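Have a look at the structure below before the remarks.
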Amino acid sequence: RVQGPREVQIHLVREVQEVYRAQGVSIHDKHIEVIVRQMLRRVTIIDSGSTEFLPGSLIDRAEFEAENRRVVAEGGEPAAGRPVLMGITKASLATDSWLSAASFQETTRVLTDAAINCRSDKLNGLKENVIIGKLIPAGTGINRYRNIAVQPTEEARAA
Amino acid sequence: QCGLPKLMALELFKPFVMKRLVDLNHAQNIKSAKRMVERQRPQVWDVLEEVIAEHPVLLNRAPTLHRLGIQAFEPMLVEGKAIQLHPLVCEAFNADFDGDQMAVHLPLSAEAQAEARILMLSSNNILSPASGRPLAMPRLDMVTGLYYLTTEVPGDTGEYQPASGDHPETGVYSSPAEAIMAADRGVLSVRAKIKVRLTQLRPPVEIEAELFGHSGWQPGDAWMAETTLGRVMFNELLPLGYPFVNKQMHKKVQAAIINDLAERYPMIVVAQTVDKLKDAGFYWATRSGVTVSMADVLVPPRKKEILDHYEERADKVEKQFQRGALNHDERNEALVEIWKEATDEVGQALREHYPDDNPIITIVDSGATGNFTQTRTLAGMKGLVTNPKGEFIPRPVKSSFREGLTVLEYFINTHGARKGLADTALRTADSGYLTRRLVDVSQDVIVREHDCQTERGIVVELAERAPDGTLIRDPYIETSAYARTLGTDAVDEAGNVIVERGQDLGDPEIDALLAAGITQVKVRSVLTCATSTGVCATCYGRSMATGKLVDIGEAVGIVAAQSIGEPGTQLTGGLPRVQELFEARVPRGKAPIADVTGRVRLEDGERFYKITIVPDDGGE
Amino acid sequence: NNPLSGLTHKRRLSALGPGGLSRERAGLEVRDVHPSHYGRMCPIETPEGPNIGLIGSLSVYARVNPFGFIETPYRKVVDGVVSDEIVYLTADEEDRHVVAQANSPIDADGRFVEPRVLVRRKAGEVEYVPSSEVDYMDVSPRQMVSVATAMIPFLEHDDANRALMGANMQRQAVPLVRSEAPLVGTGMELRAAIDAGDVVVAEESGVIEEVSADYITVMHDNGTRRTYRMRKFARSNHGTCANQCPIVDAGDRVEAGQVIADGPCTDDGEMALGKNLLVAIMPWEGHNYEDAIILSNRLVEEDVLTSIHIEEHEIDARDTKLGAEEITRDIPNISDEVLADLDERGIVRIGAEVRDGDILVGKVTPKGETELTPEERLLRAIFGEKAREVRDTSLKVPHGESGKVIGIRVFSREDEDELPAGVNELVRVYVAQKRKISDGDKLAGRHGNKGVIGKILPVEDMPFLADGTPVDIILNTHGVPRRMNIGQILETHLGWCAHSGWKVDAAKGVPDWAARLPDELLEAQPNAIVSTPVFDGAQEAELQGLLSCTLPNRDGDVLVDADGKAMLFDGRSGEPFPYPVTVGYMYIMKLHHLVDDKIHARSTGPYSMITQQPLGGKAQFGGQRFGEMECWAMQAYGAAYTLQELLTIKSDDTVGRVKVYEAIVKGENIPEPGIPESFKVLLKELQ
Amino acid sequence: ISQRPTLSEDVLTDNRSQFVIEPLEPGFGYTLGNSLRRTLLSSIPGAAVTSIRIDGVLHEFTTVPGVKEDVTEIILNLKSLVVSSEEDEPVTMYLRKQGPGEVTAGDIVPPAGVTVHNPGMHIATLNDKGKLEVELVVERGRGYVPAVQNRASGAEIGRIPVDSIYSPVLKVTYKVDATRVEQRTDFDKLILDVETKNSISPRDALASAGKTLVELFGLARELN
Amino acid sequence: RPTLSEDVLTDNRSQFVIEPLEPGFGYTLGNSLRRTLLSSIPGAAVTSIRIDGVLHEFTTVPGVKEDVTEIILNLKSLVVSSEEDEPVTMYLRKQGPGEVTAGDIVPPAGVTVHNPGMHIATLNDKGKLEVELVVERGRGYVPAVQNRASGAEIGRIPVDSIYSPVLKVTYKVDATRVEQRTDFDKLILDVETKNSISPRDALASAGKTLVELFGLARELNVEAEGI
Amino acid sequence: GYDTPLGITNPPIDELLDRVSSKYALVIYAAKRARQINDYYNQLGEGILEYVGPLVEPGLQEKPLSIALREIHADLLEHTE
Amino acid sequence: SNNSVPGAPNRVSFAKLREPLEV
DNA sequence: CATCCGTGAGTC
Ligand SMILES: [Mg+2]
Ligand SMILES: [Zn+2]
């Protein structure tokens with residue numbers, strides 16, 4: 001609230017680092033930053049506006065700026081948003097897939113809420129796919145690499 | 001490669017062997033071929049040898065703390081019922097040989113084996129994905145073995161001698177083949193400094209320019225050197241095309257060479273080069289003469305002299321507290337300082353008293369293993385022990401383990417030793433839990449694009465400005481800048497650009513900016529680059545394992561989690577601090593920060609601190 | 001496992017169990033070493049795992065008072081004068097008093113030497129206190145330790161971390177074919193062996209009237225005769241070999257309380273937990289890198305580290321709904337080559353050899369009259385062989401097991417042997433193995449120096465001394481100073497002096513270093529036995545001096561120096577090693593972590609009844625577990641197809657794993673995985 | 001700068017004999033006496049017991065009524081039995097002794113071409129009413145051959161396969177006197193030390209050692 | 001199964017593969033065959049030299065590019081076969097601009113130089129060079145201090161004598177799997193020789209030599225062995 | 001310039017990686033060709049129209065993956081994403 | 001000796017004389 | 001900012 005979302009990221013990364021520095025551990029700032037990035041992907045709802053966003057709800061920046069891109073084109077009031085920092089535990093629970101959430105912690109709580117909200121799960125993630133037995137959506141599992149046709153060059157020919 | 005027991009593999013490849021048994025008509029069908037393998041008929045040992053041909057298997061060693069916890073190997077049939085493992089990958093598995101087991105998983109599908117041999121093969125995973133440093137490097141016997149021959153011994157026999165009087169120059173040899181025959185006769189020491197003409201080793205870059213004018217050194221071009229016989233044998237492994245190194249091989253030295261080989265030279269060169277180093281390390285660790293005796297471990301000469309000095313300085317503190325001029329909190333606080341100082345002076349008493357021949361110190365100072373703090377405890381004294389509270393006991397263990405601790409001493413050291421084992425078991429549980437939280441939070445983070453294209457990055461302090469002039473390298477250089485890719489052209493005072501945008505920062509590309517004078521660079525970060533799902537490739541930059549730009553599709557989110565949790569066992573803030581940060585808790589310290597910049601108005605009270613800040617720009 | 005193993009177990013002090021605490025409830029205070037534990041409960045002996053500090057052993061000299069507290073012996077000092085009168089004190093009672101340390105110098109009458117002595121006080125505090133204030137003093141220097149702990153020579157030279165493991169591992173020692181007493185002792189090896197109960201002690205005095213390998217008869221003084229029967233080749237709780245052998249010959253005069261016949265891990269009434277090995281402290285071609293161990297093949301050709309392991313195999317015949325299980329020699333579709341080692345009943349014959357897969361007890365059961373396959377109906381009309389209604393339910397030898405059948409125990413409901421409701425014939429076949437030591441077998445010393453056997457070279461490859469004798473075991477130098485357990489070094493020095501023998505120079509008087517050395521040790525024979533009691537015994541000055549006293553071999557040459565080192569010849573290259581290597585004798589134990597048990601694998605096998613996943617354990621022939629941690633490693637690599645396969649066609653895909661087995665044996669390509677049956681379970685559990 | 005064909009001297013003792021070989025190349029003595037030492041300890045042909053049988057015994061793990069030792073300790077006592085046979089094929093020995101008293105290697109009855117070299121060797125102390133009828137099988141071989149191999153051949157259930165230590169060699173070593181005096185007087189003198197089992201002579205052991213090595217080094221001389 | 005002998009080649013050096021050895025005989029054969037090729041094969045080399053314009057070593061020879069040191073070394077690498085055991089003397093003289101080689105040497109009768117193209121020293125104009133060489137015969141390697149009195153004390157220089165015609169030999173011992181036994185030994189041997197003799201012949205001579213040694217032992221009884 | 005690659009390190013992966021976009025791509029690239037080669041051998045026995053056989057000489061009892069991985073190095077295959 | 005009570009093998013001991021009480 | 005209930009607390 002004092003120095004903005006970018007500064008709080010730089011502070012966390014170096015304060016975290018300072019602990020591994022003292023004990024002689026060397027982690028590249030890169031890896032830390034990946035986790036840090038996932039903590040700030042949500043912004044809170046100050047004013048509901050015309051949107052269907054419940055006030056006092058942590059919603060993704062992608063969703064927040066795309067719904068405020070649809071209502072802006074609709075003519076209604078856009079929701080006022082303030083950036084919010086989340087601990088990795090609850091950020092993890094707040095995931096889009098209830099499968100991933102229930103298979104993390106507080107399984108009885110995850111299901112109770114998900115069965116009420118009628119949340120549908122798009123099985124598009126790592127934890128999601130492993131459970132159902134699908135190929136994981138990373139590495140050699142993505143269609144870019146998965147669907148490859150290999151053929152002999154026209155030069156290559158049976159003897 | 002890895003040694004796979006003849007018994008294990010036969011049940012692993014059981015339906016693959018049954019297949020070829022009925023192929024070569026040893027069995028008439030699939031039912032009888034099954035019976036052959038179960039009865040273990042002598043035929044199948046020839047068949048199985050053909051089946052496992054370049055069919056990789058997995059070696060898992062729990063706990064799987066990072067992805068190098070599971071690596072692939074080319075299976076090698078071996079007599080016996082134990083798995084045989086390469087001495088280098090023990091740094092990755094964190095596996096010793098005090099009874100450790102390993103799980104084995106055999107890939108079946110055509111894609112799986114392809115994934116194993118290419119992605120998961122141990123010879124491709126040489127570097128740590130956490131730091132980019134070598135893990136598959138000389139470690140224990142190997143380092144001590146190499147450190148042996150590359151050491152320069154002053155007065156050793158066969159040493160080079162200048163010409164004077166009636167005798168010419170002693171210690172100059174025509175070729176390495178000659179110096180070999182000298183030590184075989186017993187004239188030359190493999191550790192003595194001599195002069196030799198070499199014909200198959202590229203000279204130092206500083207000397208190649210002097211002797212050839214960088215005409216391009218060639219296999220056959222000669223040049224004279226001033227090293228030892230051992231340092232020459234060592235450089236035949238690196239081998240050709242790599243500049244000679246005339247130093248003694250401390251671990252940090254060997255860490256540099258491999259890390260350079262990782263950069264320039266290709267993977268299959270490094271894998272083979274490091275292999276040669278291992279064979280050399282062990283043979284020479286043998287004839288290193290590194291042995292522990294009761295004689296090699298010596299108690300200091302000023303042992304009782306020094307301890308009498310500080311016990312006299314202690315009795316003075318006890319009597320100064322006896323008169324009550326010292327606080328009880330101050331009494332022990334001073335007693336701690338006295339004996340801390342004492343222990344140090346005992347260590348100094350060892351270093352100079354101990355020959356560099358001493359195998360206990362030879363192992364410590366060469367980075368092979370062990371700390372000198374262990375050597376102090378062994379030969380000097382144990383020192384202060386920890387209270388159940390954690391505070392250091394006012395009473396000191398004056399005895400070393402060589403002399404034999406007193407009965408009461410053993411008791412209080414034991415107490416600390418146990419609570420250490422208890423905590424080492426409790427942090428691990430905390431470390432693994434933090435790990436699983438980190439994995440779940442960054443699972444949707446994958447490299448999906450090749451570039452976000454945004455010009456957004458973040459500033460990194462390259463170097464501090466030294467007061468007298470020139471500069472000083474920042475301590476955070478290695479971990480914050482060295483793997484990044486630039487987000488803006490780096491210019492000096494001139495209009496001349498040193499490094500472009502879209503350029504990966506390498507080792508010499510840091511020196512190009514370090515000598516130019518620029519101390520701040522803008523770099524593409526994972527934070528800044530914004531894409532739809534996950535992140536881009538360019539922003540993330542150089543994958544610490546490949547030494548090159550990260551491939552599109554790598555689950556950098558999970559690797560990051562592993563790379564943070566893996567070494568979490570080695571902490572004292574500490575590990576709770578690490579949790580307190582990633583879970584965004586309102587901290588214990590709760591130190592206040594300035595809301596608006598301005599002039600500070602300190603107004604301390606003895607009962608309470610109060611801080612006022614007059615706003616720099618008007619304000620209230 | 002061994003006699004000590006049992007002895008220790010009876011002296012355990014757990015805080016677990018009903019009325020006590022749970023494992024998760026115990027904080028960090030319950031576990032650590034308390035001051036009052038001195039002389040009552042050991043601070044060293046405790047498990048390494050999650051049970052650490054919650055389990056301990058009772059100190060040697062302690063006992064329990066009628067109220068359930070722990071008392072401990074102290075010597076009573078009247079007024080600076082030690083008195084042989086002893087009183088047992090409780091924890092809080094001792095706190096009200098003041099106790100002197102055992103090793104404090106005492107006058108030949110009973111008085112102290114210095115006015116101020118070392119003093120133990122309430123709350124674990126210690127100070128110097130005048131001799132007028134001394135109430136009690138310790139019984140022994142080794143008063144605070146436990147039974148297994150006091151068996152660790154030079155304990156005060158090893159750090160509590162490794163010394164802990166040094167105590168724990170002794171309990172894991174394996175009884176060898178025959179056992180030798182250690183060259184270096186602590187004195188505790190005797191009383192431990194006797195009080196174990198796994199040796200044979202004479203009740204009343206007399207003379208051995210008759211001795212056989214079967215039993216010993218003792219003729220008392222009053223005339224009565226007591227006969228002691230020998231436990232011969234019995235299987236212990238843990239498959240080790242409890243085998244007893246008569247010590248005394250016929251006609252020996254034996255007094256009461258004397259060991260007349262000892263058991264496994266015992267040599268002349270002493271705890272023989274291992275063998276005396278000729279050690280060499282050096283790296284050797286890397287084969288001992290990271291705590292691995294190199295052995296001489298002499299230990300394989302002379303069975304020095306060879307053990308016997310007995311297994312009990314069981315199977316029964318019950319009353320079913322389709323009839324009753326009968327034990328017969330007639331098993332459907334089996335040749336007479338397989339049945340060749342059975343008798344007429346269906347039981348294997350004693351002395352026969354058994355490998356894995358072979359048949360021990362032939363049993364067949366009436367299989368349900370379900371419609372046999374129309375394709376197998378057709379197959380039974382061609383060859384005209386009518387199907388039997390009896391399925392093979394035989395007791396075959398489990399994977400890995402093998403050996404000689406050393407006995408049969410049969411219980412029949414027919415022969416009035418009382419059986420549980422439903423059982424007719426019950427058979428017990430006992431099979432022993434003669435396991436020589438091999439690669440991967442975990443060895444250890446008493447100083448927390450563990451490790452597995454990396455390689456066993458031929459006897460000639462071994463680094464040998466000047467007289468030709470090859471060393472037995474090659475330990476790596478690197479893994480010694482780190483562990484702080486250099487008591488293994490001192491054991492090697494004293495161990496060599498004990499093998500060669502020695503003689504202090506008495507000319508020009510008794511030397512100043514060997515002045516505290518009791519008379520009986522100033523001259524020692526080759527292969528002598530000695531005691532180094534914990535917190536007493538040998539000191540570094542006497543050890544160094546004794547290394548100079550080392551008697552020459554048969555050729556009249558001394559083999560080691562005053563440093564304790566010696567010059568070795570590399571058995572491979574022939575050339576002498578450049579530097580002197582520390583050589584001596586060490587006591588090495590065979591621990592119960594053998595590869596022959598540890599090794600295991602599985603292609604396909606049994607599967608879970610609900611989750612339809614593989615079963616778990618070597619006993620059930622189950623596959624390994626690819627856990628949550630391992631699925632992260634895969635995910636990190638980006639090996640989707642490997643990860644998918646492991647959790648689909650390698651696991652609980654009902655239709656997949658069968659069609660994978662077929663695709664392999666036909667040599668085709670691996671099909672595409674389906675739906676994990678476990679996931680179907682979840683969607684039904686949610687419903 | 002000197003040429004002299006080498007020698008092979010001998011300084012004797014009953015069980016062990018010192019061989020002296022000189023003059024050899026400078027720094028050659030060590031890696032030459034070692035090549036003999038490694039040939040002696042591994043590949044010198046001798047003879048020992050392979051399998052046995054006892055009356056009333058079907059396996060190694062039991063006791064004979066009336067005897068102080070068990071079959072395990074008895075078989076383990078017979079490992080130090082020193083035998084020399086000329087019969088290239090297996091031969092059968094016999095030992096039968098009853099009543100009180102001690103049985104030894106002397107009571108063994110070696111057939112034609114078999115000799116026991118240590119009759120005073122203790123086997124078992126047969127107390128009263130104790131009878132011991134044994135049946136030992138002797139073969140010729142080299143090195144060390146484990147018991148476990150005999151059983152699968154077809155050996156009947158009566159037989160108890162025993163470990164075989166054919167190696168008649170006991171202990172081998174050497175020392176070298178290298179004259180390093182600065183001159184053309186630089187040579188090495190080898191002193192080989194060989195001790196046997198009283199199964200063969202120390203000389204006969206060095207002879208079979210050389211015959212082996214000569215035949216091995218003859219393949220480096222043959223042309224392509 | 002009787003053992004085989006193999007050869008992988010190069011002009012000056014080659015590798016020899018011996019398999020299958022009875023378990024434990026690789027090392028038994030290893031270092032014993034290496035120390036034979038390096039020490040037990042006779043040849044000829046330079047014992048001492050003499051230079052005209054030299055009264056001490058530190059100053060280079062008048063009219064020569066190379067130092068006194070680098071010429072000794074080049075001369076050490078000279079390969080020579082003498083026919084008589086007794087020490088012979090050859091003269092090498094040349095003057096003017098150009099380069100002096102091993103073909104300029106004037107050799108005695110029955111004394112052959114096998115690498116006449118070897119560079120030795122680069123003379124300039126007004127550069128005079130006269131060198132007396134002392135050639136002996138022997139085995140292995142002999143230091144310089146032992147040859148400090150083999151020339152006239154008016155500039156006699158002791159040289160390291162490399163009599164042996166074999167330059168450098170290494171060996172590795174892997175394991176070959178015979179029958180079911182994976183214990184059998186496989187001996188790989190790397191041998192590099194001078195331009196005087198072929199490696200394939202240097203081994204046969206080194207092989208014949210050792211057969212003589214083990215003869216002494218065998219002579220006593222020739223009891224038993226099987227191939 | 002290196003030493004002769006032995007066993008499963010051949011063909012050298014570095015040169016393999018020059019002919020492909022990333023490590024991941026090479027896997028499916030090779031494996032899908034390894035599938036074609038094993039089809040050809042099983043199909044040919046009873047089926048026409050199989051995928052083109054080994055474009056290089058098959059080593060004695062050479063694994064189908066090991067065949068594919070070599071002809072990728074021979075640039076005898078076409079690459080599509 | 002150390003434990004001269006049962007009829008045991010003689011194990012000589014480096015020791016200060018221990019006569020308080022048997023184990 | 002401090003209590004009461006429910007849920008977490010490394011792997012093989
Ligand atoms: Mg371990
Ligand atoms: Zn981006």
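Just so we're on the same page: first chain in the structure tokens is A, next is B, and so on; residues restart at 1 for each chain, and ligands are numbered from 1 in the order they show up.
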Could you list, as a short mmCIF file (atom, residue, chain, number, x, y, z; two decimals) with N, CA, C and O atoms, in the first residue's frame, the residues of chain A having an atom within 12 Å of chain H when counting only C-alpha atoms (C1' of nucleotides)?
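Just written: selection-v2.cif:
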```cif
data_model
loop_
_atom_site.label_atom_id
_atom_site.label_comp_id
_atom_site.auth_asym_id
_atom_site.auth_seq_id
_atom_site.Cartn_x
_atom_site.Cartn_y
_atom_site.Cartn_z
N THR A 89 -0.26 -20.69 0.42
CA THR A 89 -1.27 -21.66 0.82
C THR A 89 -2.69 -21.42 0.31
O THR A 89 -3.28 -22.28 -0.35
N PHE A 104 -5.15 -30.88 -2.39
CA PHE A 104 -4.10 -30.18 -1.67
C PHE A 104 -4.35 -30.29 -0.17
O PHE A 104 -3.72 -31.10 0.51
N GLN A 105 -5.28 -29.48 0.33
CA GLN A 105 -5.62 -29.49 1.75
C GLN A 105 -7.10 -29.20 2.00
O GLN A 105 -7.80 -28.73 1.10
N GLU A 106 -7.55 -29.47 3.22
CA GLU A 106 -8.91 -29.16 3.66
C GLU A 106 -9.95 -29.69 2.67
O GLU A 106 -10.80 -28.95 2.19
N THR A 107 -9.86 -30.99 2.39
CA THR A 107 -10.64 -31.63 1.34
C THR A 107 -12.15 -31.55 1.57
O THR A 107 -12.92 -31.44 0.61
N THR A 108 -12.56 -31.60 2.83
CA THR A 108 -13.97 -31.51 3.19
C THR A 108 -14.51 -30.10 2.94
O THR A 108 -15.69 -29.93 2.64
N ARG A 109 -13.65 -29.09 3.06
CA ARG A 109 -14.09 -27.71 2.88
C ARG A 109 -14.18 -27.37 1.40
O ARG A 109 -15.12 -26.70 0.96
#
```
Selection within 12 Å of ligand 2 by only C-alpha atoms (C1' of nucleotides) and all ligand atoms, output as a ChimeraX atom specification: /B:445-457,485,487,502,523-541,552
Do a neighbour search on segment 55-63 of chain A at 7 Å with only C-alpha atoms (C1' of nucleotides), toss out local chain neighbours closer than 3 positions, and write the hits as a PyMOL selection string. chain A and resi 41-48+66-67
Which residues are near ligand 1 - at most 7 Å, using only C-alpha atoms (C1' of nucleotides) and all ligand atoms? Format: as number ranges by chain. B: 95-100
Contacts between chain C and chain F, please, where a residue of chain F counts if it comes within 12 Å (with only C-alpha atoms); show its shortest atom pair and distance in Å to one decimal, rows by chain and ascending number, as a tab-separated table.
```
residue	atom	partner	partner_atom	distance
F:23	CA	C:638	CA	9.9
F:24	CA	C:638	CA	7.7
F:25	CA	C:638	CA	11.2
F:27	CA	C:639	CA	9.5
F:28	CA	C:641	CA	9.9
F:31	CA	C:641	CA	11.0
F:32	CA	C:669	CA	10.8
F:33	CA	C:669	CA	11.9
F:34	CA	C:669	CA	9.5
F:35	CA	C:669	CA	6.8
F:36	CA	C:669	CA	9.6
F:37	CA	C:669	CA	10.4
F:38	CA	C:668	CA	7.1
F:39	CA	C:668	CA	7.3
F:40	CA	C:668	CA	10.4
F:41	CA	C:668	CA	9.3
F:42	CA	C:668	CA	6.9
F:43	CA	C:668	CA	9.6
F:63	CA	C:667	CA	11.9
F:64	CA	C:669	CA	10.9
```
Could those selected residues go to a file with N, CA, C and O atoms, as a tab-separated table (two decimals), in the first residue's frame?
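Writing the result to selection-v7.tsv gives the following:
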```
chain	number	residue	atom	x	y	z
F	23	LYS	N	14.64	-29.90	-26.79
F	23	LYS	CA	14.82	-31.26	-26.28
F	23	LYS	C	13.53	-32.06	-26.32
F	23	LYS	O	13.54	-33.26	-26.61
F	24	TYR	N	12.42	-31.39	-26.03
F	24	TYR	CA	11.12	-32.04	-25.96
F	24	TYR	C	10.65	-32.51	-27.33
F	24	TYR	O	10.13	-33.61	-27.48
F	25	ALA	N	10.84	-31.66	-28.34
F	25	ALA	CA	10.42	-31.96	-29.70
F	25	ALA	C	11.11	-33.21	-30.23
F	25	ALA	O	10.47	-34.06	-30.86
F	27	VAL	N	12.10	-35.79	-28.76
F	27	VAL	CA	11.53	-37.01	-28.19
F	27	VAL	C	10.41	-37.58	-29.06
F	27	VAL	O	10.51	-38.72	-29.52
F	28	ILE	N	9.36	-36.80	-29.28
F	28	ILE	CA	8.24	-37.24	-30.11
F	28	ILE	C	8.69	-37.45	-31.55
F	28	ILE	O	8.23	-38.36	-32.25
F	31	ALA	N	10.59	-40.85	-31.33
F	31	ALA	CA	9.73	-41.93	-30.87
F	31	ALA	C	8.66	-42.29	-31.89
F	31	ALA	O	8.35	-43.47	-32.08
F	32	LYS	N	8.09	-41.28	-32.54
F	32	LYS	CA	7.05	-41.54	-33.53
F	32	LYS	C	7.63	-42.21	-34.77
F	32	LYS	O	6.92	-42.91	-35.49
F	33	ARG	N	8.92	-42.00	-35.00
F	33	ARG	CA	9.63	-42.70	-36.07
F	33	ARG	C	9.99	-44.12	-35.61
F	33	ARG	O	9.99	-45.07	-36.40
F	34	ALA	N	10.28	-44.26	-34.32
F	34	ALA	CA	10.56	-45.57	-33.75
F	34	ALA	C	9.31	-46.45	-33.82
F	34	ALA	O	9.40	-47.67	-33.93
F	35	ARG	N	8.15	-45.81	-33.77
F	35	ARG	CA	6.88	-46.51	-33.90
F	35	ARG	C	6.68	-46.98	-35.33
F	35	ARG	O	6.16	-48.07	-35.56
F	36	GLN	N	7.09	-46.16	-36.29
F	36	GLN	CA	6.95	-46.48	-37.71
F	36	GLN	C	7.82	-47.67	-38.09
F	36	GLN	O	7.37	-48.57	-38.81
F	37	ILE	N	9.05	-47.67	-37.61
F	37	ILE	CA	10.00	-48.74	-37.90
F	37	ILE	C	9.54	-50.09	-37.33
F	37	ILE	O	9.69	-51.13	-37.97
F	38	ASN	N	8.97	-50.06	-36.13
F	38	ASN	CA	8.49	-51.29	-35.51
F	38	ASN	C	7.19	-51.77	-36.14
F	38	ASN	O	6.89	-52.97	-36.14
F	39	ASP	N	6.42	-50.84	-36.69
F	39	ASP	CA	5.22	-51.19	-37.45
F	39	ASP	C	5.62	-51.94	-38.72
F	39	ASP	O	5.11	-53.03	-38.99
F	40	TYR	N	6.53	-51.34	-39.47
F	40	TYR	CA	7.04	-51.90	-40.72
F	40	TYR	C	7.45	-53.37	-40.57
F	40	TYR	O	7.08	-54.19	-41.40
F	41	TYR	N	8.17	-53.69	-39.50
F	41	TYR	CA	8.64	-55.06	-39.28
F	41	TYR	C	7.50	-56.01	-38.94
F	41	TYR	O	7.50	-57.15	-39.39
F	42	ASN	N	6.54	-55.54	-38.16
F	42	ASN	CA	5.38	-56.37	-37.81
F	42	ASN	C	4.37	-56.45	-38.95
F	42	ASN	O	3.77	-57.51	-39.18
F	43	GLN	N	4.17	-55.34	-39.64
F	43	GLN	CA	3.24	-55.30	-40.77
F	43	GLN	C	3.75	-56.11	-41.96
F	43	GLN	O	3.02	-56.95	-42.49
F	63	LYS	N	17.86	-51.73	-31.45
F	63	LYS	CA	16.56	-51.25	-31.01
F	63	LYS	C	16.01	-50.22	-31.98
F	63	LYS	O	16.76	-49.41	-32.51
F	64	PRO	N	14.69	-50.25	-32.22
F	64	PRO	CA	14.02	-49.35	-33.17
F	64	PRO	C	14.27	-47.87	-32.86
F	64	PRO	O	14.40	-47.07	-33.79
```
So which residues touch segment 6-17 of chain G within 9 Å, counting only C-alpha atoms (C1' of nucleotides), skipping near sequence neighbours fewer than 6 positions away, as a PyMOL selection string? chain C and resi 103+185-187+190+254-259+268-270+516-518+520-521+528-533+536-539
To one decimal place, how far is atom CA of residue 571 of chain C from atom CA of residue 175 of chain D in Å?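 Pair atom CA of residue 571 of chain C / atom CA of residue 175 of chain D returns 13.9 Å.
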Near chain F, which residues of chain A fall within 8 Å when you count only C-alpha atoms, and what do they look like as a PDB file with C-alpha atoms, in the first residue's frame?
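Done, and the output landed in out.pdb:
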```
ATOM      1  CA  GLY A 139       6.868 -30.491 -22.006  1.00  0.00           C
ATOM      2  CA  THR A 140       6.271 -33.335 -24.465  1.00  0.00           C
ATOM      3  CA  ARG A 144       2.880 -28.437 -30.375  1.00  0.00           C
ATOM      4  CA  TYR A 145       5.278 -31.308 -29.739  1.00  0.00           C
ATOM      5  CA  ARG A 146       2.757 -34.130 -29.382  1.00  0.00           C
ATOM      6  CA  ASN A 147       1.350 -33.953 -32.917  1.00  0.00           C
ATOM      7  CA  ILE A 148       4.442 -34.350 -35.097  1.00  0.00           C
ATOM      8  CA  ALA A 149       4.509 -36.053 -38.502  1.00  0.00           C
ATOM      9  CA  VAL A 150       7.895 -37.495 -39.400  1.00  0.00           C
ATOM     10  CA  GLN A 151       8.626 -38.438 -42.991  1.00  0.00           C
ATOM     11  CA  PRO A 152      11.642 -39.428 -45.079  1.00  0.00           C
ATOM     12  CA  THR A 153      13.066 -36.650 -47.284  1.00  0.00           C
ATOM     13  CA  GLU A 155      15.908 -37.788 -51.446  1.00  0.00           C
ATOM     14  CA  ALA A 156      15.627 -40.773 -49.105  1.00  0.00           C
ATOM     15  CA  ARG A 157      14.208 -43.735 -50.994  1.00  0.00           C
ATOM     16  CA  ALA A 158      14.130 -47.541 -50.871  1.00  0.00           C
TER      17      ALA A 158
END
```
